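You are given structure tokens for the same protein chain in two forms, set apart as structure 1 and structure 2.
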Structure 1
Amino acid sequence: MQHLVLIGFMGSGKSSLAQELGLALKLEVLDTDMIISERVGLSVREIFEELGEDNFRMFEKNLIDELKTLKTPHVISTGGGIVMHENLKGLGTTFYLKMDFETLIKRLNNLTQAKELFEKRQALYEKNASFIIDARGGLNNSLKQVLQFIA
């Protein structure tokens, strides 16, 4: 009865996979960015611009704590930066939707800096993941992997 939480970079297919999982499992699907924006009454971008990252993270940390009180399992897609929270593992079973950076950017040079930055972020998702899903085979292939792990 643990929430299934999908983490990873924006554009990795977390929302599409969350909807498919909720359908396969007959469970409700939640999106943390959607909930924060709906409550605060500003878009995620507007929240960052007008109220700042620290306030966004506060709404996010508070929402994670709130969703943990829900005993019924939900599927939960999350925004890119959620992995900075200490309370993230704790929310439920986490899945890193692992996509090669090259595909992500279409949707990086060993000797320049940006690659290291993307690698460090990946290292954070992996550190916070119960399971790593290979996203390269597409949505149905990712679904199969998730279902097999939880079964």
Structure 2
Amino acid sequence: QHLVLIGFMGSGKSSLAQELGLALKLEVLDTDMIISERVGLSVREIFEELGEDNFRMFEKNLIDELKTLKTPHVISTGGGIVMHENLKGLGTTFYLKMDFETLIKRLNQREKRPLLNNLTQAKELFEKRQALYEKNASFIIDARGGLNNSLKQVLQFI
């Protein structure tokens, strides 16, 4: 019963996460960051050098490991974390809901997947991911306004 942020790259998870940890004085984890740093490659180079399924295995395992932590944390999560059957039960999740249009400018990158530098593939991924964010959301948050306006809605779910 972590506070888990989800949704697509550039919807503002890590920044919300660093703000929520501060406001709530909880520790903040970032799954992409933890993997990149255990592996010693950017997430880009993980994809390039090691392939998506191996990244996806590093995500599956980290989810389980995060589940064993005692104290609640604020966790931001990579774009595809929802691909994982084992997210459910990590924590209370908050979907940072964005439209593709707003999203674009901000998702110019590093932890960015090579497919996310193809915009039509990006849009197709985005579309296919909508249903997965919704299915894995404890709460859905209109992320279109600022960091504050997302913060507002988060906190009311306590």
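Here, rigid core means the biggest group of C-alpha atoms that superpose within 1.5 Å across both forms. For numbering, take structure 1's sequence and count from 1. Only residues modelled in both forms are compared.
- The only C-alpha among 68, 120, 39, 45 that moves by 2 Å or more between the two structures, given a superposition on the rigid core, is that of 120.
- Its Cα shifted by 2.2 Å, residue 137 is compared between the two structures on a rigid core fit.
- Taking the core as reference, the Cα of residue 100 moves 1.6 angstrom between the two structures.
- Taking the core as fixed, the only part between the two structures where three or more residues in a row have CA shifts of 2 Å or more is 108-120.
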